[PDB]
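In what follows, a single structure is set out as structure tokens and then discussed.
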Amino acid sequence: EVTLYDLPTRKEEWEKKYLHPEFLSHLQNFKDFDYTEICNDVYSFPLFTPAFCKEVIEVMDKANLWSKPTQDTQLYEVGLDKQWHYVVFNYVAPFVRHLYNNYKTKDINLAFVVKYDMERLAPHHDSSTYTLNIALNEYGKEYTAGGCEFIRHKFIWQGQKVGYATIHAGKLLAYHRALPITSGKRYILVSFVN
Amino acid sequence: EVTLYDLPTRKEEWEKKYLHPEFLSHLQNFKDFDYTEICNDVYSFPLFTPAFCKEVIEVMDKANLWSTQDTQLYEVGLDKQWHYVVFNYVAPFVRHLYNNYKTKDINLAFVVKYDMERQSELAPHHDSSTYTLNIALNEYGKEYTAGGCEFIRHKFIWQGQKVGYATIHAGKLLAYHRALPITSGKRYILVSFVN
Ligand SMILES: [Fe+2]
Ligand SMILES: [Fe+2]
């Protein structure tokens, strides 16, 4: 049975179990891929399956390597940096070339899972060319409130579906802040890409 | 008597001669600064005087270090004057335009010369910068015709920029652009890639 770590050694089984079928079937034709521009130059799109999000959370909860600041754990702390590098350069980068006029992805700065809970958010620019934000658990069923305010766009984005990703410019044009949750737990996967 | 190189040794005289009066008079109050958003998140604004642009072209034409046909500012001893300009004058305006974004460092600063025998391969591209400054150094229609810039993502053609006016836009991701060919004369621009 394929696991999160079997990429790209078991690439075919990995894509079927972990990549969202709408994203996987549009790898070579993103023009008919159903993504949404939630505000100017900011896009929401299905990327990962619920099984991916569930197992990522399980790895992070089991490791208990959270920072003692925003509660997070780096992907490389659980041995998933090489798998994520493959995801970015082979799956995310072609979609970035489609969304942002053939922009070529250079390198990965950071990749981590953030856990918002009750026991544990200023406006800022990201240290990235573009930032990925994947919702790992379900709004309403597992947490309330939360989301992200794009300050410049005057647009608040909340209630992202499980496995859907939000992509936005890191610097200059996408000033933003995370908004707190009011109950439950909210897990997200964040990556800063140059 | 003050020259381009006398910054910041003769700062007051340098600002009066080389900084556009509209920009110089709004250094501490940018909300009333008459700049134009020509397309989404792309702004055109006056920055330099005709004397600045005239003297920069003279320095580049006399140096004849052209090798796009461009010359870097450090090749004529103007890089540190430009470093002062970006951090003391441009950086506060960038914070006003782009939600308090702090300027980190200057990647490149150079003057480009377009002419009939050297129009360059006007290919679409992103810039290796967070934001890019593009200052028009000579007069549209008088010293060259056509030319300009096309913002491909914005679907906006930008032509006929006035002398000493700057265009600022994102370098990566969100401002895919290309220069437009000239039909006569010579077109000089001052470009800086800033992180
Ligand atoms: Fe952020
Ligand atoms: Fe450019």
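Following Swiss-Prot, chain A residues are numbered 683-750, 767-818, 822-895, in order.
We read in the header that X-ray crystallography, 2.0 Å was used to get this structure.
Including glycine, each Cβ sits where the backbone N, Cα and C put it.
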Record-annotated Fe cation site (Swiss-Prot): member among A:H708, A:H783, A:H877 besides A:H825, A:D827: A:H877
Residue pair A:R887 (active site), A:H877 (Fe cation binding site) - Cα distance, angstrom, rounded: 18
Helix, strand or coil at A:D827 (Fe cation binding site) [DSSP, three-state]: coil
Remaining residues near the recorded Fe cation site, that is with C-beta within 8 Å of the centroid of the site residues A:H825, A:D827, A:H877: A:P824, A:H826, A:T832, A:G871, A:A875, A:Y876, A:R878
Cβ-based isolation winner (fewest other Cβ atoms within 10 Å) among the recorded positions A:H825, A:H877, A:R887: A:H825
Cα-Cα span in Å, A:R818 to A:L822, with 3 residues unmodelled: 11
